[PDB]
Amino acid sequence: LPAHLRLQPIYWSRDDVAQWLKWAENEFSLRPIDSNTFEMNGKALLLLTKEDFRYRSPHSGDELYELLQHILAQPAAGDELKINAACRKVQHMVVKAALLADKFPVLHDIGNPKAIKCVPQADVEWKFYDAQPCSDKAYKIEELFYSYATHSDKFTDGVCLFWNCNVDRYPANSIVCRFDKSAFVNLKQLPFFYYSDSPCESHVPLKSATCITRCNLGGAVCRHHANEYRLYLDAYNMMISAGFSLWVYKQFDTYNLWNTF
Ligand SMILES: Nc1ncnc2c1ncn2[C@@H]1O[C@H](C[C@@H](N)CC[C@H](N)C(=O)O)[C@@H](O)[C@H]1O
Ligand SMILES: [Zn+2]
């Protein structure tokens, strides 16, 4: 199965659906159907009835409908290396943007046992904490088990980072990634965005209010950022499809990112 088809169908693009048709034709020895037989994305495909499937493909619609129900009942397992890599791409993006937007002087990285900075080039004092630091990095990690009930009065300067570190309740000055609600009362959900400050370069147009780049100030995204935006969205979808969600301090404002230009 192609990588995108390992995502929940709600995330499949119009192109992913046509590759699903092609994969199923060979896996199940079906009569070839025209690639434009289901000209829609996965969100739309999930709204069709079985009768609609049968009308659009008299020779295989019912099989395809039932195949989709099986895919929907038993989601395909994901590849840890790809998922891990997708998460780390999102972590760098989000934390970089937060530091640029709000200029925190300190970052308190809670649950980081390897003392690795996800944004090594930011102008910020990086502090690491973990309940069980890796023995080869404990010399620069504070041994600490975070609980809101014990530490809510601490780490009040700068921002706190809880990247997949499940604690009882997150403090208000936090950036959080959680794997699957009272823990999040101090925060808000982080909606998708893409931010980049790399140089624009030319050589399908991208229309998106969430592409925060200099070239999108005027609505004419360059080829380079269009490509990087699509690659980033694929990584984001892989992480969200796998059960991760992102939460952020309530003052996080994407207009602070636009103002960097
Ligand atoms: N309440 C806690 N306080 C501090 N560290 C914790 C706590 N609970 C779990 N940990 C540590 O958090 C880490 C969780 C891991 N999933 C690693 C998360 C890490 N931020 C990452 O991006 O990979 C482990 O290293 C735990 O030792
Ligand atoms: Zn650009």
Side-chain angles (χ1 to χ4, degrees), residues 81-83 85-96 98 107-120 126-138 140-152 155 159-171 174-180 182-184 186 190 193-203 205-206 208-222 224-233 235 238-239 242-248 257-258 260-261:
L81 284 210
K82 316 246 217 153
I83 297 179
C87 290
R88 305 283 171 209
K89 296 189 196 136
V90 174
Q91 182 183 12
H92 173 75
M93 175 75 60
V94 167
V95 173
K96 177 182 145 113
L107 184 147
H108 298 286
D109 200 343
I110 297 160
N112 189 330
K114 299 175 179 179
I116 295 169
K117 303 178 183 182
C118 72
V119 195
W126 211 288
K127 305 191 185 191
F128 304 105
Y129 313 76
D130 196 285
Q132 279 173 293
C134 290
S135 64
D136 65 356
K137 295 294 163 193
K140 55 207 235 183
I141 304 174
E142 181 68 38
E143 199 190 307
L144 177 143
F145 187 93
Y146 182 93
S147 147
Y148 193 68
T150 291
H151 296 103
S152 67
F155 327 115
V159 68
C160 295
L161 180 51
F162 296 79
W163 202 262
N164 294 306
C165 176
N166 287 351
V167 305
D168 66 337
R169 186 169 145 170
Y170 300 96
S174 303
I175 300 160
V176 176
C177 172
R178 186 105 172 191
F179 171 55
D180 202 12
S182 93
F184 308 95
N186 293 331
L190 179 49
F193 70 93
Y194 164 86
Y195 174 84
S196 167
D197 53 356
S198 67
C200 295
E201 334 187 322
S202 71
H203 75 86
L206 176 63
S208 173
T210 51
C211 178
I212 306 175
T213 60
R214 218 173 271 103
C215 51
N216 208 16
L217 287 167
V221 180
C222 66
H224 166 52
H225 283 128
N227 182 51
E228 300 294 343
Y229 173 101
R230 305 200 155 100
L231 289 180
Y232 181 75
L233 180 42
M238 168 170 354
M239 158 175 127
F244 297 91
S245 58
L246 305 177
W247 298 78
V248 73
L257 297 169
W258 288 108
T260 69
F261 312 131

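We number each residue from 1, following the sequence as shown. Just follow the structure's listing: the first ligand is 1, and inside any ligand the first atom is 1.
- Donor-acceptor pairing under 3.5 Å is recorded for the side chains of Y229 and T210.
- Atoms of ligand 1 found under 4.0 Å from any heavy atom of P113, numbered from 1 in the order shown, are 25 (O).
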Checklist entry - Passes side-chain contact (heavy atoms from CB on, under 4.5 Å), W258 versus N216? Steps please. => result CA-CA 10 Å; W258 288 108; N216 208 16; 4.0 Å; yes

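- Counting backbone and side-chain atoms alike, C215 contributes an N/O/S atom closer than 2.8 Å to the Zn ion (ligand 2).
- With contacts defined as side-chain heavy-atom distances shorter than 4.5 Å, the pair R88/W163 qualifies.
- When the heavy-atom distances from atom 27 (O) of ligand 1 to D130, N164, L144, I110 are ranked, the shortest goes to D130.
- For the side chain to side chain contact (heavy atoms under 4.5 Å, CB included) with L161, the lone residue among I175, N112, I110, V119 that qualifies is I175.
- The nearest non-hydrogen atom to atom 2 (C) of ligand 1, considering only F179, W163, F145, comes from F145.
- Residues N164 and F244 form a side-chain contact, since some pair of their non-hydrogen atoms from C-beta on lies under 4.5 Å apart.
- Counting the atoms of ligand 1 from 1 in the order shown, those under 4.0 Å from a heavy atom of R88 are 21 (C), 22 (O), 23 (O).
- Between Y195 and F261, the distance separating the two ring centers is shorter than 6.0 angstrom.
- For ligand 1, the polar-atom distance check against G111 finds a nitrogen or oxygen pair separated by under 3.5 Å.
- Of all atoms in ligand 1, numbered sequentially from 1 with element shown, those under 4.0 Å from a heavy atom of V167 are 1 (N).
- For the residue pair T213 and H225, no side-chain donor N or O sits within less than 3.5 Å of a side-chain acceptor on the partner.
- Every atom of ligand 1 with a heavy atom of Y146 under 4.0 Å away is listed here by number and element: 1 (N), 2 (C), 3 (N), 4 (C).
- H225 contributes ND1 and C222 contributes SG; the angle these two atoms make at the Zn ion (ligand 2) is 100°, rounded to 10°.
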